[PDB]
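Right, one structure below, let's go through it.
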There are 2 protein chains.
Amino acid sequence: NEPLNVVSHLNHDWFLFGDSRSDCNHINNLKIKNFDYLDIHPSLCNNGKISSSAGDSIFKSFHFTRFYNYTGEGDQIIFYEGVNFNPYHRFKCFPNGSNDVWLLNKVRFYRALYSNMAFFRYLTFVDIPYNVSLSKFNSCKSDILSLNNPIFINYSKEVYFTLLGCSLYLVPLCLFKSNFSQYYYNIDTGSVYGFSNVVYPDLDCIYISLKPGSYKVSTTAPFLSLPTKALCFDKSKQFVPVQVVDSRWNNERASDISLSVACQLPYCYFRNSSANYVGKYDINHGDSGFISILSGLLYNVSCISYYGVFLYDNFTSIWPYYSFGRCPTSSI
Amino acid sequence: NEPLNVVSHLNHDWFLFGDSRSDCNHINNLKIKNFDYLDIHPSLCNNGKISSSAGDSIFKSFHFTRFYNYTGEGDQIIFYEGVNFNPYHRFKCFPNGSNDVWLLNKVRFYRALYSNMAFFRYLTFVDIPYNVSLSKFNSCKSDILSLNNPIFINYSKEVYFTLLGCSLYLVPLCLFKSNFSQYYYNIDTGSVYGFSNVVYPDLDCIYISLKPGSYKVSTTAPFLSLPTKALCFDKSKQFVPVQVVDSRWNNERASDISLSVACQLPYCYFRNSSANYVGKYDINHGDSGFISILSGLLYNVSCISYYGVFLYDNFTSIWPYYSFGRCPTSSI
Ligand SMILES: *[C@@H]1O[C@H](CO)[C@@H](O[C@@H]2O[C@H](CO)[C@@H](O[C@@H]3O[C@H](CO[C@H]4O[C@H](CO)[C@@H](O)[C@H](O)[C@@H]4O)[C@@H](O)[C@H](O[C@H]4O[C@H](CO)[C@@H](O)[C@H](O)[C@@H]4O)[C@@H]3O)[C@H](O)[C@H]2NC(C)=O)[C@H](O)[C@H]1NC(C)=O
Ligand SMILES: *[C@@H]1O[C@H](CO)[C@@H](O[C@@H]2O[C@H](CO)[C@@H](O[C@@H]3O[C@H](CO[C@H]4O[C@H](CO)[C@@H](O)[C@H](O)[C@@H]4O)[C@@H](O)[C@H](O[C@H]4O[C@H](CO)[C@@H](O)[C@H](O)[C@@H]4O)[C@@H]3O)[C@H](O)[C@H]2NC(C)=O)[C@H](O)[C@H]1NC(C)=O
Ligand SMILES: *[C@@H]1O[C@H](CO)[C@@H](O[C@@H]2O[C@H](CO)[C@@H](O[C@@H]3O[C@H](CO)[C@@H](O)[C@H](O[C@H]4O[C@H](CO)[C@@H](O)[C@H](O)[C@@H]4O)[C@@H]3O)[C@H](O)[C@H]2NC(C)=O)[C@H](O)[C@H]1NC(C)=O
Ligand SMILES: *[C@@H]1O[C@H](CO)[C@@H](O[C@@H]2O[C@H](CO)[C@@H](O[C@@H]3O[C@H](CO)[C@@H](O)[C@H](O[C@H]4O[C@H](CO)[C@@H](O)[C@H](O)[C@@H]4O)[C@@H]3O)[C@H](O)[C@H]2NC(C)=O)[C@H](O)[C@H]1NC(C)=O
Ligand SMILES: *[C@@H]1O[C@H](CO)[C@@H](O[C@@H]2O[C@H](CO)[C@@H](O[C@@H]3O[C@H](CO)[C@@H](O)[C@H](O)[C@@H]3O)[C@H](O)[C@H]2NC(C)=O)[C@H](O)[C@H]1NC(C)=O
Ligand SMILES: *[C@@H]1O[C@H](CO)[C@@H](O[C@@H]2O[C@H](CO)[C@@H](O[C@@H]3O[C@H](CO)[C@@H](O)[C@H](O)[C@@H]3O)[C@H](O)[C@H]2NC(C)=O)[C@H](O)[C@H]1NC(C)=O
Ligand SMILES: *[C@@H]1O[C@H](CO)[C@@H](O[C@@H]2O[C@H](CO)[C@@H](O)[C@H](O)[C@H]2NC(C)=O)[C@H](O)[C@H]1NC(C)=O
Ligand SMILES: *[C@@H]1O[C@H](CO)[C@@H](O[C@@H]2O[C@H](CO)[C@@H](O)[C@H](O)[C@H]2NC(C)=O)[C@H](O)[C@H]1NC(C)=O
Ligand SMILES: *[C@@H]1O[C@H](CO)[C@@H](O)[C@H](O)[C@H]1NC(C)=O
Ligand SMILES: *[C@@H]1O[C@H](CO)[C@@H](O)[C@H](O)[C@H]1NC(C)=O
Ligand SMILES: *[C@@H]1O[C@H](CO)[C@@H](O)[C@H](O)[C@H]1NC(C)=O
Ligand SMILES: *[C@@H]1O[C@H](CO)[C@@H](O)[C@H](O)[C@H]1NC(C)=O
Ligand SMILES: *[C@@H]1O[C@H](CO)[C@@H](O)[C@H](O)[C@H]1NC(C)=O
Ligand SMILES: *[C@@H]1O[C@H](CO)[C@@H](O)[C@H](O)[C@H]1NC(C)=O
């Protein structure tokens, strides 16, 4: 037996959050209409256990108008996304700003996402309804991405928004640069969630996990910055960690380390290719090492460890540290 | 092999947070000066790996003048405390109040404590220094317990307190009944921590985990409620869960379920006696089942699971679910 650098599952209940490298609906918008762009084995399209869009991550769909309603449910959860918001995209809001605080926003968003998806099993995006108020206010623009989450409104009063139906949410709380402090005060219970931005040049965010109540917003600022899209975590289950595959570009383009900083123990197992990224369909689709990683979905396993995935459960060479499931031993 | 209902350790680096049932200095204040009151095996006094006081829990030492500076360091952490703040003590602040919100405060405190001690290894109590301001204000009293954490002061301005030296703190943020909102705004970074109390009759608390910065307090209230004691978590290590033994009274006295509600997976393993509590030294010291539980400290083991502790690592009967360490298998 040997630990394997794959992502897998223990039973028939798993789910994958994919992208254009795992999109079975991406063939309807290509020129060469084959299956040579998928990083997964192409017999996995008929499951319904894969949510994937033509060039959408969960962060990009969460903040921006380039939207795909991800929806999934499963015990073991595997992610393959994050290639659609990188230092390659150079996203800012005003030319004196920067994108490193956007990479910190990506780290905080995926940290909150793995930390909540290790405990819940259902995931979808929900909207935040309001009245017909002052609709938007264009404070950020970059000609390649335009965000709607969060809304910017001239303050003048305390707005309200309710949350029901779900079990645990994930809204943003974003500010540019101030001495002020926006709050998401709960009317029913009384729990207060706040954030300020002192020294971060561009639009800094944190990602709180709200409960299904009714919330008001108060900031004492010229612009309250209030969300319009939020996640939805349902059907709280027993603790199952969330697996990652390192979704990055080719080395001629930019990359980051955000999916490894956000993926920490015990709630998360990070799988990375050892070699570089050499595509098959084009430069940026179909690497053989990532086919070797994603090929573990095709079969049940016994154990899931921090160092690898174990197929059989008789014995093994190295000890499974931070193991999960029916796991073999290394004693003679 | 068989899973055991004990608490144990994997190497020479462990620590126990005890009480008067595990206090080797409690013999200097007794009448019958023997070792028949310890729930542990009495050859463990010379380690320095046990912190324990004559009738102090960590919650009681954290809020009240009945104080013991707990100090410990270790990889595997075992608790045996919580018998010193129960529904047997009937603690309130004003006769129209209640102690069930104090049991909710105990649940939230121990949840924050296990969640942080699963990742750090050093634990001690620190003080919060101030100027010579208005010293106290007696808002709560119960003739058996008098708390100093938090201080109550007529507001009149925004106070400041700094935190340095440590790596991660744990301060309270407590209020009685208001429509107002106290905050612990960070001057340096800008992170805001707040809480309000709408419908909870007695002094409700939440326990935030501050970073070592400099914090100001603003509430817009007649009384800001500001801490004077805080925990200190140092030397961040790799994830090791924190073990609990169910520290309760005898059944003729009151009990609770707080140490089982606060101890949830994956960060915590809860060990409980199956039978009742029949003491040996008196009614409330030295049960044979808790001697059987605490006797696992005397020897190294291989695995630590949610269902039991495994000594050898050849094979076992049932599968170790949520295991930890060098763990055996159950495949034939
Ligand atoms: C998953 O695993 C892969 C490995 O397969 C990791 O890829 C490595 O990523 C790091 C950074 O992300 C790379 O380090 C950088 O190397 C540059 C030079 O690389 C040349 O040499 C290598 C062989 O050594 C060639 O393969 C490669 O094609 C290049 O020809 C340096 O110039 C970089 O330094 C610059 O950036 C840093 C960033 O902080 C600055 O501090 C420096 O001052 C400088 O400006 C950098 O050191 C590494 O080369 C990659 N390896 C390979 C084999 O490609 C992934 O990072 C990993 N995934 C995660 C999430 O960690
Ligand atoms: C660790 O494991 C021990 C078991 O060894 C648990 O102890 C049990 O604790 C629960 C509650 O904490 C007890 O349930 C209560 O039982 C009362 C009657 O008990 C009699 O009968 C048992 C045998 O069945 C005798 O052993 C016992 O001495 C008594 O003679 C009920 O009257 C209680 O109901 C009342 O309180 C509840 C509280 O919500 C109300 O809702 C009810 O309406 C009612 O007012 C209650 O059901 C149980 O008896 C204990 N077992 C034993 C063997 O003593 C520990 O709780 C566990 N530790 C943790 C943290 O869970
Ligand atoms: C992203 O996708 C998710 C899931 O795909 C989605 O959440 C779902 O939204 C739908 C509607 O958008 C919800 O469906 C409603 O559920 C309630 C409660 O069960 C029903 O009463 C509703 O029925 C009424 O409306 C029907 C027509 O829609 C009528 O036929 C009927 O007679 C009723 O009048 C309705 O079915 C659903 O509850 C949620 N949640 C789940 C878990 O499915 C989410 O809204 C999407 N978000 C975005 C931004 O696209
Ligand atoms: C609970 O207990 C903990 C640990 O027992 C305790 O934390 C420690 O407090 C002491 C002092 O109370 C700290 O010791 C100081 O550390 C600094 C930095 O190393 C030294 O520079 C200091 O030395 C000065 O003072 C000495 C006399 O105390 C002089 O001899 C010397 O020349 C210097 O002038 C001093 O040793 C210590 O750093 C902390 N932390 C740790 C990890 O030990 C905590 O204060 C206690 N809390 C309560 C409420 O009792
Ligand atoms: C991994 O383990 C799971 C364990 O559930 C396997 O799922 C189960 O696979 C068997 C294969 O024979 C399914 O039985 C078949 O069911 C269909 C109807 O669903 C029936 O028409 C067939 O004749 C056969 O009886 C079983 O239903 C299925 N369990 C489910 C879906 O809950 C899974 O196949 C294993 N392998 C992989 C690669 O996932
Ligand atoms: C559980 O495992 C740990 C693994 O570290 C054991 O600790 C080690 O025990 C040996 C026992 O021989 C110690 O060796 C002795 O060291 C002393 C000096 O410390 C020396 O005087 C003796 O002659 C002997 O060589 C070893 O130091 C110790 N490791 C430490 C302290 O880091 C432990 O004994 C095992 N058992 C239990 C019940 O904990
Ligand atoms: C290890 O577990 C496998 C599970 O089937 C046992 O069966 C062996 O499986 C391998 C690969 O699937 C085959 O190459 C062997 O021929 C199988 N052996 C037999 C006897 O059928 C295997 O016996 C187990 N090894 C042990 C318990 O030592
Ligand atoms: C299981 O592990 C033990 C670890 O020592 C092996 O040794 C046995 O230990 C038990 C209890 O300590 C003794 O009763 C046996 O006599 C020991 N056996 C031998 C051969 O010394 C034991 O061999 C292992 N069992 C396996 C691998 O099946
Ligand atoms: C912002 O960018 C503009 C672009 O020319 C520059 O003139 C200006 O100095 C920068 N800084 C501020 C504070 O406006
Ligand atoms: C705006 O929404 C609030 C939500 O509580 C509601 O009370 C109010 O009537 C709405 N106003 C309009 C004009 O729809
Ligand atoms: C915010 O505070 C800083 C320092 O206190 C000050 O320099 C700056 O002018 C303030 N900005 C506003 C809009 O008050
Ligand atoms: C509080 O307790 C006192 C004790 O007698 C009682 O008179 C009073 O009605 C109670 N309630 C309030 C709101 O003061
Ligand atoms: C009170 O403490 C603050 C801390 O910043 C300090 O600035 C101030 O001088 C102190 N006042 C007195 C009277 O000690
Ligand atoms: C707090 O709010 C409630 C309901 O809004 C009200 O009944 C109560 O009088 C308020 N208390 C104070 C001190 O304003």
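Each chain in the structure tokens gets a letter, A, B, ..., in the order shown, and its residues are numbered from 1; ligands are numbered from 1 in order too.
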As a short mmCIF file (atom, residue, chain, number, x, y, z; two decimals) with C-alpha atoms, in the first residue's frame, please: every protein or nucleic acid residue near ligand 13 (cut-off 12 Å, counting only C-alpha atoms and all ligand atoms).
data_model
loop_
_atom_site.label_atom_id
_atom_site.label_comp_id
_atom_site.auth_asym_id
_atom_site.auth_seq_id
_atom_site.Cartn_x
_atom_site.Cartn_y
_atom_site.Cartn_z
CA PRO B 129 -3.58 47.17 33.84
CA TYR B 130 -5.13 50.63 33.86
CA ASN B 131 -4.67 53.97 35.56
CA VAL B 132 -6.09 54.78 39.00
CA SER B 133 -9.54 55.58 37.63
CA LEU B 134 -12.88 55.00 39.31
CA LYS B 157 -14.71 58.91 27.90
CA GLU B 158 -13.10 56.11 25.90
CA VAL B 159 -10.65 54.07 27.98
CA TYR B 160 -7.59 52.27 26.55
CA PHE B 161 -5.78 49.06 27.41
CA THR B 162 -2.85 47.43 25.67
CA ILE B 187 -6.55 51.25 17.19
CA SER B 214 -3.96 48.09 21.67
CA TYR B 215 -7.70 48.36 22.22
CA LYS B 216 -10.13 51.13 23.13
CA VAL B 217 -13.59 50.71 24.62
#
(request) Output as a PyMOL selection string the set of chain A residues within 6 Å of chain B, with distances taken over only C-alpha atoms. (result) chain A and resi 190-192+194-198+328-329
Need to verify the contact set: range 144-153 of chain B, 6 Å, only C-alpha atoms, exclusion of same-chain residues closer than 5 positions in sequence. Can you return it as a compact mmCIF listing (two decimals) with N, CA and C atoms, in the first residue's frame?
# COMPACT_ATOMS: atom_id res chain seq x y z
N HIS B 63 -13.47 34.76 36.42
CA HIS B 63 -14.35 35.89 36.71
C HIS B 63 -14.22 36.44 38.12
N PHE B 64 -13.90 35.62 39.11
CA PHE B 64 -14.17 35.98 40.49
C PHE B 64 -12.88 36.25 41.26
N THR B 65 -13.05 36.80 42.47
CA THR B 65 -11.93 37.06 43.36
C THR B 65 -11.33 35.78 43.92
N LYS B 136 -13.96 50.49 41.10
CA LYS B 136 -14.99 49.49 40.87
C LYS B 136 -16.35 50.18 40.87
N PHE B 137 -17.39 49.37 40.67
CA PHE B 137 -18.77 49.79 40.92
C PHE B 137 -19.56 48.52 41.18
N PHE B 223 -22.64 52.78 31.71
CA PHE B 223 -21.62 51.95 32.33
C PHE B 223 -20.91 51.14 31.26
N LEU B 224 -19.65 51.46 31.00
CA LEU B 224 -18.83 50.56 30.20
C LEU B 224 -18.35 49.43 31.11
N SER B 225 -18.31 48.23 30.56
CA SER B 225 -18.05 47.02 31.33
C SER B 225 -16.79 46.38 30.77
N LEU B 226 -15.67 46.57 31.46
CA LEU B 226 -14.37 46.37 30.87
C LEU B 226 -13.56 45.35 31.68
N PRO B 227 -12.77 44.51 31.02
CA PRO B 227 -12.18 43.36 31.72
C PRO B 227 -10.96 43.75 32.53
N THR B 228 -10.63 42.88 33.48
CA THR B 228 -9.41 43.00 34.25
C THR B 228 -8.55 41.74 34.26
(request) Considering only C-alpha atoms and all ligand atoms, state which residue in the set B:169, B:277, B:114, B:269 is at the smallest distance from ligand 2. (result) B:277
(request) Please indicate the distance in Å from atom 38 (O, counted along the ligand's line) of ligand 3 to CA of residue 174 in chain A, rounded to one decimal place. (result)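 Between atom 38 (O, counted along the ligand's line) of ligand 3 and CA of residue 174 in chain A the gap is 28.0 Å.
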(message) List as an MDAnalysis selection string the protein and nucleic acid residues near residue 50 in chain B, meaning an atom at most 10 Å away when only C-alpha atoms are counted, but skip any in the same chain fewer than 5 places from it.
(response) chainID B and resid 14:19 22:24 44:45 70:73 78:79
Go ahead and save the picked residues with C-alpha atoms, as a short mmCIF file (atom, residue, chain, number, x, y, z; two decimals), in the first residue's frame.
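The result, written out as out-v3.cif:
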data_model
loop_
_atom_site.label_atom_id
_atom_site.label_comp_id
_atom_site.auth_asym_id
_atom_site.auth_seq_id
_atom_site.Cartn_x
_atom_site.Cartn_y
_atom_site.Cartn_z
CA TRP B 14 1.19 16.46 28.47
CA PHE B 15 -0.53 18.67 31.01
CA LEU B 16 -3.54 18.43 33.32
CA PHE B 17 -5.69 21.29 34.57
CA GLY B 18 -7.01 19.92 37.85
CA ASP B 19 -8.95 21.02 40.91
CA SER B 22 -6.44 16.50 41.80
CA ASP B 23 -4.61 18.86 44.16
CA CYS B 24 -1.45 17.61 45.85
CA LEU B 44 1.85 12.16 39.91
CA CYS B 45 2.51 15.04 42.33
CA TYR B 70 -3.42 28.50 36.25
CA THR B 71 -0.24 28.06 34.24
CA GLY B 72 0.53 25.18 31.91
CA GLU B 73 2.29 24.00 28.79
CA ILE B 78 -6.42 17.21 29.65
CA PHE B 79 -8.94 19.10 31.77
#
(message) Give me the residues near residue 4 in chain B as a PyMOL selection string, where near means some atom within 10 Å (using only C-alpha atoms) and where sequence neighbours in that chain fewer than 6 positions away do not count.
(response) chain B and resi 292-293+296+304-305+307-311
Quick one: write out the picked residues with N, CA, C and O atoms as a CSV table (one decimal), in the first residue's frame?
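For reference, result_4.csv as written:
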chain,number,residue,atom,x,y,z
B,292,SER,N,-10.5,5.1,37.5
B,292,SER,CA,-10.4,4.3,36.3
B,292,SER,C,-10.2,5.1,35.1
B,292,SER,O,-9.5,4.8,34.1
B,293,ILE,N,-10.8,6.3,35.0
B,293,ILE,CA,-10.7,7.2,33.9
B,293,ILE,C,-9.3,7.9,34.0
B,293,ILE,O,-8.5,7.9,33.0
B,296,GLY,N,-5.3,6.5,33.1
B,296,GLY,CA,-4.7,6.4,31.8
B,296,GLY,C,-3.5,7.3,31.7
B,296,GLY,O,-2.7,7.2,30.7
B,304,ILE,N,-5.8,7.9,20.1
B,304,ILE,CA,-6.8,8.6,20.9
B,304,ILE,C,-8.0,8.8,20.0
B,304,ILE,O,-7.9,9.5,19.0
B,305,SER,N,-9.1,8.2,20.3
B,305,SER,CA,-10.3,8.2,19.4
B,305,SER,C,-11.5,8.8,20.2
B,305,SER,O,-11.5,9.0,21.4
B,307,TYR,N,-14.3,7.2,20.6
B,307,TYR,CA,-15.0,6.1,21.3
B,307,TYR,C,-14.1,5.5,22.4
B,307,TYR,O,-14.7,4.8,23.3
B,308,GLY,N,-12.8,5.8,22.4
B,308,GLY,CA,-12.0,5.2,23.5
B,308,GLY,C,-10.5,5.5,23.1
B,308,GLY,O,-10.2,6.1,22.1
B,309,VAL,N,-9.6,5.0,24.0
B,309,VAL,CA,-8.2,5.2,23.8
B,309,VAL,C,-7.6,3.8,23.6
B,309,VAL,O,-7.9,2.9,24.4
B,310,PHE,N,-6.8,3.7,22.6
B,310,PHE,CA,-6.2,2.4,22.2
B,310,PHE,C,-4.7,2.4,22.6
B,310,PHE,O,-3.9,3.3,22.3
B,311,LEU,N,-4.4,1.3,23.3
B,311,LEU,CA,-3.0,1.1,23.8
B,311,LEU,C,-2.1,0.6,22.8
B,311,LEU,O,-1.1,1.2,22.4
(request) Select, from A:28, A:247, A:8, A:316, the residue with the minimum atom-to-atom distance to residue 298 in chain A, counting only C-alpha atoms. (result) A:8
(message) Which residues are near ligand 1 in this structure, taking near to mean any atom at most 6 Å from a ligand atom and counting only C-alpha atoms and all ligand atoms? Format them as a PyMOL selection string.
(response) chain A and resi 246+251+256-257+259-260+272-276
(message) Using only C-alpha atoms and all ligand atoms, which residues of the polymer chains come no farther than 12 Å from ligand 3? I'd like the answer as a ChimeraX atom specification.
(response) /A:51,61-63,65,67-73,121-129,149,164-167,228-235
Kindly save the residues from that selection, with N, CA, C and O atoms included, as a CSV table (one decimal), in the first residue's frame.
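As written to disk, out_27.csv reads:
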chain,number,residue,atom,x,y,z
A,51,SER,N,-20.6,20.8,-9.7
A,51,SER,CA,-21.0,22.2,-10.1
A,51,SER,C,-19.8,22.9,-10.6
A,51,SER,O,-18.7,23.0,-10.0
A,61,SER,N,-17.7,34.6,-8.3
A,61,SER,CA,-19.1,34.6,-8.4
A,61,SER,C,-19.7,35.2,-7.1
A,61,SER,O,-20.9,35.7,-7.2
A,62,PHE,N,-19.0,35.3,-6.0
A,62,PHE,CA,-19.6,35.9,-4.8
A,62,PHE,C,-19.5,37.4,-4.8
A,62,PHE,O,-20.5,38.0,-4.3
A,63,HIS,N,-18.5,38.0,-5.4
A,63,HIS,CA,-18.5,39.4,-5.4
A,63,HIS,C,-19.0,40.1,-6.7
A,63,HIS,O,-19.5,41.2,-6.6
A,65,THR,N,-20.4,40.6,-10.9
A,65,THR,CA,-21.6,40.4,-11.8
A,65,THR,C,-21.4,39.1,-12.7
A,65,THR,O,-22.3,38.5,-13.1
A,67,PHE,N,-21.4,35.8,-12.7
A,67,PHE,CA,-22.1,35.1,-11.7
A,67,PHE,C,-22.4,33.7,-12.1
A,67,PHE,O,-22.8,33.4,-13.3
A,68,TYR,N,-22.2,32.7,-11.2
A,68,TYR,CA,-22.8,31.4,-11.4
A,68,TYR,C,-23.3,30.9,-10.0
A,68,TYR,O,-22.5,30.8,-9.1
A,69,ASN,N,-24.6,30.6,-10.0
A,69,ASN,CA,-25.1,30.1,-8.7
A,69,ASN,C,-24.7,28.6,-8.4
A,69,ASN,O,-25.3,27.7,-8.9
A,70,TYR,N,-23.6,28.5,-7.7
A,70,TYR,CA,-23.1,27.2,-7.2
A,70,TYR,C,-24.1,26.6,-6.3
A,70,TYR,O,-24.7,27.3,-5.4
A,71,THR,N,-24.4,25.3,-6.4
A,71,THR,CA,-25.3,24.6,-5.6
A,71,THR,C,-24.9,23.2,-5.4
A,71,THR,O,-24.6,22.5,-6.4
A,72,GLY,N,-24.7,22.7,-4.2
A,72,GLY,CA,-24.2,21.4,-3.9
A,72,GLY,C,-24.5,20.9,-2.6
A,72,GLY,O,-24.9,21.6,-1.7
A,73,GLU,N,-24.4,19.5,-2.5
A,73,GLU,CA,-24.7,18.8,-1.2
A,73,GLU,C,-23.9,17.5,-1.2
A,73,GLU,O,-23.9,16.8,-2.2
A,121,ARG,N,-23.2,20.6,5.0
A,121,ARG,CA,-23.1,19.8,3.7
A,121,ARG,C,-23.7,20.5,2.5
A,121,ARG,O,-23.3,20.2,1.4
A,122,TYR,N,-24.7,21.4,2.7
A,122,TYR,CA,-25.4,22.0,1.6
A,122,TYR,C,-24.8,23.4,1.4
A,122,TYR,O,-24.5,24.1,2.4
A,123,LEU,N,-24.6,23.8,0.2
A,123,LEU,CA,-24.1,25.1,-0.2
A,123,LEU,C,-24.8,25.7,-1.3
A,123,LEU,O,-24.9,25.0,-2.4
A,124,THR,N,-25.3,26.9,-1.2
A,124,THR,CA,-25.8,27.6,-2.3
A,124,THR,C,-25.6,29.1,-2.1
A,124,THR,O,-25.3,29.5,-1.0
A,125,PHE,N,-25.8,29.9,-3.1
A,125,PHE,CA,-25.8,31.4,-3.0
A,125,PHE,C,-27.2,31.9,-2.9
A,125,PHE,O,-28.1,31.4,-3.6
A,126,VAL,N,-27.4,32.8,-2.0
A,126,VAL,CA,-28.7,33.5,-1.9
A,126,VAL,C,-28.5,35.0,-2.1
A,126,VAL,O,-27.4,35.5,-2.0
A,127,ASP,N,-29.6,35.7,-2.4
A,127,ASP,CA,-29.6,37.1,-2.6
A,127,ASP,C,-30.1,37.8,-1.3
A,127,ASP,O,-30.7,37.2,-0.4
A,128,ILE,N,-29.8,39.1,-1.2
A,128,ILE,CA,-30.2,39.9,-0.1
A,128,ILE,C,-31.2,40.9,-0.7
A,128,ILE,O,-30.9,41.9,-1.3
A,129,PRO,N,-32.5,40.7,-0.5
A,129,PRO,CA,-33.5,41.6,-1.0
A,129,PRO,C,-33.6,42.9,-0.2
A,129,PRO,O,-33.3,42.9,1.0
A,149,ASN,N,-21.5,43.0,-5.0
A,149,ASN,CA,-21.5,42.7,-3.6
A,149,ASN,C,-20.2,43.2,-3.0
A,149,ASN,O,-19.1,42.7,-3.3
A,164,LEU,N,-33.7,34.2,6.4
A,164,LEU,CA,-34.5,33.1,6.9
A,164,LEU,C,-34.4,31.9,5.9
A,164,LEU,O,-33.9,32.1,4.8
A,165,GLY,N,-34.8,30.8,6.3
A,165,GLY,CA,-34.8,29.6,5.5
A,165,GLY,C,-33.5,28.7,5.6
A,165,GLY,O,-33.6,27.5,5.7
A,166,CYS,N,-32.4,29.4,5.8
A,166,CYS,CA,-31.1,28.6,5.9
A,166,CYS,C,-30.8,28.3,7.3
A,166,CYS,O,-31.6,28.5,8.2
A,167,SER,N,-29.5,27.9,7.5
A,167,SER,CA,-29.0,27.6,8.9
A,167,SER,C,-27.8,28.4,9.3
A,167,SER,O,-27.6,28.7,10.5
A,228,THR,N,-25.3,42.2,-1.1
A,228,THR,CA,-26.4,41.7,-1.9
A,228,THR,C,-26.4,40.2,-2.2
A,228,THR,O,-27.5,39.7,-2.5
A,229,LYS,N,-25.3,39.6,-2.1
A,229,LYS,CA,-25.2,38.1,-2.2
A,229,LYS,C,-24.5,37.5,-1.0
A,229,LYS,O,-23.7,38.1,-0.4
A,230,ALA,N,-25.0,36.3,-0.7
A,230,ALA,CA,-24.5,35.6,0.5
A,230,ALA,C,-24.6,34.1,0.3
A,230,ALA,O,-25.3,33.7,-0.6
A,231,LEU,N,-23.8,33.4,1.0
A,231,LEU,CA,-23.8,31.9,0.9
A,231,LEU,C,-24.9,31.4,1.8
A,231,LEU,O,-25.6,32.1,2.5
A,232,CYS,N,-25.1,30.1,1.7
A,232,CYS,CA,-26.2,29.4,2.5
A,232,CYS,C,-25.7,28.0,2.9
A,232,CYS,O,-25.6,27.2,2.0
A,233,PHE,N,-25.5,27.8,4.2
A,233,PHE,CA,-25.0,26.5,4.7
A,233,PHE,C,-26.2,25.8,5.4
A,233,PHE,O,-26.8,26.4,6.3
A,234,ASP,N,-26.6,24.6,4.9
A,234,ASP,CA,-27.7,23.9,5.4
A,234,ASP,C,-27.3,22.5,5.8
A,234,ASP,O,-26.3,22.0,5.4
A,235,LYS,N,-28.2,21.8,6.6
A,235,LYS,CA,-28.1,20.4,7.0
A,235,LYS,C,-26.7,20.1,7.7
A,235,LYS,O,-25.9,19.5,7.1
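When the distance limit is 12 Å and only C-alpha atoms are what count, the residues near residue 282 in chain A, minus those fewer than 3 positions from it on the same chain, are residues 21, 30, 31, 32, 36, 37, 38, 249, 250, 277, 278, 279, 285, 286 and 287 of chain A.
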(message) What does the structure give for the distance between CA of residue 74 in chain B and atom 6 (C, counted along the ligand's line) of ligand 8, in Å to one decimal?
(response)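 Separation of CA of residue 74 in chain B and atom 6 (C, counted along the ligand's line) of ligand 8: 29.3 Å.
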(request) Pick out the closest residue to residue 177 in chain B from this set: B:222, B:48, B:213, B:289. Count only C-alpha atoms. (result) B:222
(request) Compile the contact shell of residue 210 in chain B as a PyMOL selection string: residues with an atom at most 8 Å away, counting only C-alpha atoms, same-chain residues fewer than 6 positions apart removed. (result) chain B and resi 168-171
Output of the above residues as a CSV table (one decimal), in the first residue's frame, restricted to N, CA and C atoms:
chain,number,residue,atom,x,y,z
B,168,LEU,N,-2.2,35.2,21.7
B,168,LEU,CA,-3.7,35.2,21.5
B,168,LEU,C,-4.3,35.2,22.9
B,169,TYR,N,-5.3,36.1,23.1
B,169,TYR,CA,-5.9,36.3,24.4
B,169,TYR,C,-7.3,35.8,24.4
B,170,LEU,N,-8.0,36.0,25.5
B,170,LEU,CA,-9.4,35.7,25.7
B,170,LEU,C,-10.0,36.6,26.7
B,171,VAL,N,-10.6,37.7,26.3
B,171,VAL,CA,-11.2,38.6,27.2
B,171,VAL,C,-12.7,38.4,27.2
(message) Let's see if you can do this: from backbone DSSP, list all helix (DSSP H, G or I) residues in range 25-182 of chain A, as a ChimeraX atom specification.
(response) /A:26-29,58-63,100-117
Counting only C-alpha atoms and all ligand atoms, which residues of chain B fall within 9 Å of ligand 12, and what is the closest atom pair for each with its distance in Å at one decimal, ordered by chain and rising number, as JSON lines?
{"residue": "B:94", "atom": "CA", "partner": "ligand 12", "partner_atom_place_in_ligand_line": "2 (O)", "distance": 7.7}
{"residue": "B:95", "atom": "CA", "partner": "ligand 12", "partner_atom_place_in_ligand_line": "2 (O)", "distance": 5.9}
{"residue": "B:96", "atom": "CA", "partner": "ligand 12", "partner_atom_place_in_ligand_line": "1 (C)", "distance": 4.9}
{"residue": "B:97", "atom": "CA", "partner": "ligand 12", "partner_atom_place_in_ligand_line": "1 (C)", "distance": 8.4}
